[PDB]
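Numbering (the UniProt record's numbering), first residue to last: 106 to 384.
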């Protein structure tokens, strides 16, 4: 399948080269997979989600996304126009308030929630969790992400936006999950992207167009935007039977575009998420 005039990041993940604008992907499109977006919520009524999004948990007075960040990330996973996996099921878990903040204890509870809640959902092709969030190093936060991964969920986490080594941030620094840095449309490391040995992969993160609240769209930047590209890619590949939740991060690294990014520090992987789709 071909989507013309796609967001540059979608085009990038199905291309051997930067500078194109058509997204190519197998029409299965993540059907039968599930992606949890652990964030500020999802505006599930947005036409771009086509009924495939729902809120399953909140820790606040509402499950509404009063911020936009979670809706934007969910749109990159699975919206019809802005999403990687355009037929996945999206599940929202609101661990962040409408200012985008959340206590680590709430974030931990949300991760343990997903590990259990997937047993209440139909996801025959597999389960992914996207965590476009983080803070300072916490062994408890990392352990929660490790448990979620161990339970059979492909966990993708943002590396962080500090232009620093991700070893000092959580859940970015948990080794067993998929830690995602950000790149721009010219295949440069995004100026804000964290780096380091713990990164597994880069995805598009500068000037990413996606859904926003109020039934709108906008373009924003962050490792928060790169992470859902990888989460959606995992769901897409799992639907295709190419990999499993336990091995999808490694498979994405194995099949990535290699050596194409600039300003990657010595010791950080030079790997850009790629679906290897041959139309």
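Just so you know, even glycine gets a beta-carbon here, dropped at the ideal spot from N, CA and C.
* Cα-Cα separation, residue 297 to residue 225 -> 38 Å
* When you compare only the Cα positions, how much space is there between residue 158 and residue 241? -> 30 Å
* Looking at C-alpha atoms only, which residue of 380, 320 and 310 is the closest neighbour of residue 181? -> 310
* To do: Could you have a look at residue 202 and say whether DSSP puts it in helix, strand or coil?
  => coil
* **Beta-carbon contacts of residue 368 that lie in its chain and below 7 Å, excluding the five residues immediately before and after** => 293 and 294
* To do: Let me know the secondary structure DSSP gives residue 241 once reduced to three states.
  => strand
* **Option nearest residue 280 by Cα separation, candidates 303, 265, 291 and 286** => 303
* Quick one: complete alpha helix (DSSP H) runs, 4+ long, within the stretch 157-232? -> 174-183 and 209-222
* If we count Cβ pairs, one from each stretch, closer than 8 Å, do we get three or more for the stretch 346-365 versus the stretch 226-233? -> yes
* Spatial distance of residue 192 from residue 162 (CA atoms) -> 21 Å
* Starting from residue 284, follow the beta strand (DSSP E) in both directions and report where the run begins and ends. => 283-288
* Write down every uninterrupted run of the beta strand (DSSP E) in the stretch 264-320 whose length is 3 residues or greater and which is fully enclosed by it, in chain order. => 283-288, 306-309 and 313-317
* Decide if residue 166 is buried, meaning its Cβ has at least 16 other Cβ atoms within 10 Å, or exposed. => exposed
* Opposite residue 377 in the DSSP bridges: which residues? -> 307 and 362
* To do: Please name the residue, chosen from 257, 383 and 288, that lies closest to residue 334 on a Cα-to-Cα basis.
  => 288
* To do: Note down the Cα distance separating residue 321 from residue 374, rounded to an integer number of angstroms.
  => 35 Å
* Per-residue burial, residue 348 [other beta carbons within 10 Å of its own, 16 or more giving buried] -> buried
* Rounded to whole angstroms, what's the CA-CA distance from residue 140 to residue 194? Just pull it up for me. => 6 Å
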